[PDB]
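Take a look at this single chain, the form deposited in one PDB entry, given in structure tokens.
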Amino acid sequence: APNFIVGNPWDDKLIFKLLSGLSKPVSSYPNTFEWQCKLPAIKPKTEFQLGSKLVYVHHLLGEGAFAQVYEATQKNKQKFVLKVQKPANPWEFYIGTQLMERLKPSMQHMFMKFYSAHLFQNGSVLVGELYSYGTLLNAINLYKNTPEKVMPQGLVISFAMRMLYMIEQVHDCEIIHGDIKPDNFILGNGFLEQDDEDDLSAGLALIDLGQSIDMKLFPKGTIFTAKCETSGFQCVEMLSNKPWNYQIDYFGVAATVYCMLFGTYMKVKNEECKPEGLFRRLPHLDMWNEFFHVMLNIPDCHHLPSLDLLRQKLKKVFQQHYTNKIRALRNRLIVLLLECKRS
């Protein structure tokens, strides 16, 4: 069991050392393309050339740190997404490739498809599948201008269950996402198309692998100690100067669910670690207390709570209360989401 400390799994030197040590380098992947020129100008409402093809850039979907994310089109025209990094970030493509190799085939539908990496001298462009109904953060914010004010519980629970099941699979692959939050969840046609009454909402994917960690590249028992990057929320361990590995994602899923529940960011306090708010008036109060308690009070790296059990507890409540409500709750969000995309 002995702890092998890696202080900072995001350190640029370390990422360089790890990607250099690979037997199958990212450049050798079949869908990686290296170009001996600089990154073309990529801006809204203009074309640019990507290797052989010509790509029209529609609008900016997000930007942050070294990355900009764009919607784009290539006789019938397929829409897609570009993630442009300056300087080059092969790390994301590395993680995304490993994830897809490791995931059980039956789970791959829960993840955004990717198509190619183009490595230029001063940057990279990754090409991905478009989820055209925006982020979960945007969705939560859409509820703020309704009389409802927040997402309804039935949908909150459907989404929370999908997240737990999703991260269960990611962790089974020995990957840590590292930056789980509402603005890293995206909503796609799978959600629009969802006609059935299944407990898990389709069309939800988790993207942005900028803080992702491959535990297969480190020794058994590896733990980390650093606090998070500029855009991240500090997890419980970082907040009390303790080591972490998979706990960071438990915390992220909790913060994300919290944000669905209250429409604002999670702040925590100690008594046991607990989120602020969480008033007596909340529906399913006992379920939520138990949820947040288990997600936020992980004794150590050897006592990671069962994501399956966490989900089974939510599922019991969902099955009791929401099986006959969920279709109408989803349809109502569809109506808000399609209105938002009209502007």
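In case it trips you up, residue 1 is the first one in the sequence shown, and so on. Definition used throughout: the rigid core is the maximal C-alpha set that superposes within 1.5 Å between two forms.
- Checked against the other entries of this protein, residue 180 counts as resolved in every one of those spanning it, not missing from a third of them.
- Modelled in this chain, residue 198 is nonetheless unresolved in at least one third of the other entries of the protein that span it on both sides.
- Deposited sequence between residue 271 and residue 272: 1 to 3 residues lack coordinates.
- Unmodelled residues of the deposited sequence between neighbouring positions residue 74 and residue 75 number 4 to 9.
- When the C-alpha B-factors of 46 to 54 and 287 to 295 are averaged, 46 to 54 comes out higher.
- Taking the mean C-alpha B-factor of each stretch as recorded, 89 to 97 and 178 to 186 are not equal, and the higher mean is that of 89 to 97.
- Of the candidates 168, 148, 214, 249, the PDB record gives 148 the highest C-alpha temperature factor.
- Highest CA B-factor among the listed residues (124, 153, 78, 256): 78.
- Remark: residue 204 belongs to the lowest third of its chain, ranked by C-alpha B-factor as recorded.
- Sort the chain's modelled residues by C-alpha temperature factor and residue 63 lands in the middle third, per the entry.
- When the modelled residues of the chain are ordered by C-alpha B-factor, residue 278 sits in the highest third.
- Among the modelled residues of the chain, residue 304 sits in the middle third by CA temperature factor in this PDB entry.
- When the CA B factors of the chain's modelled residues are split into thirds, the value for residue 111 lands in the lowest one.
What comes next is about the form deposited in another entry, which is not displayed.
- The residue that stands out in 65, 304, 285, 309 is 65, the single one whose Cα moves by 2 angstroms or more between this form and the one not shown on a rigid core fit.
- After superposing the rigid core, the C-alpha of residue 240 moves by less than 2 Å between this form and the one not shown.
- Taking 2 Å as the criterion, residue 141 does not count as shifted between this form and the one not shown: its C-alpha moves by less than this amount when the rigid core is aligned.
- With a cut-off of 2 Å and the rigid core superposed, residue 225 has a Cα displacement that falls short of the cut-off between this form and the one not shown.
- The pair residue 141 and residue 232 is at least 3 angstroms farther apart at the CA level in the other form than in the present model.
- Figure legend: C-alpha atoms of residue 230 and residue 26, shown here, are separated by at least 3 angstroms less in the other form.
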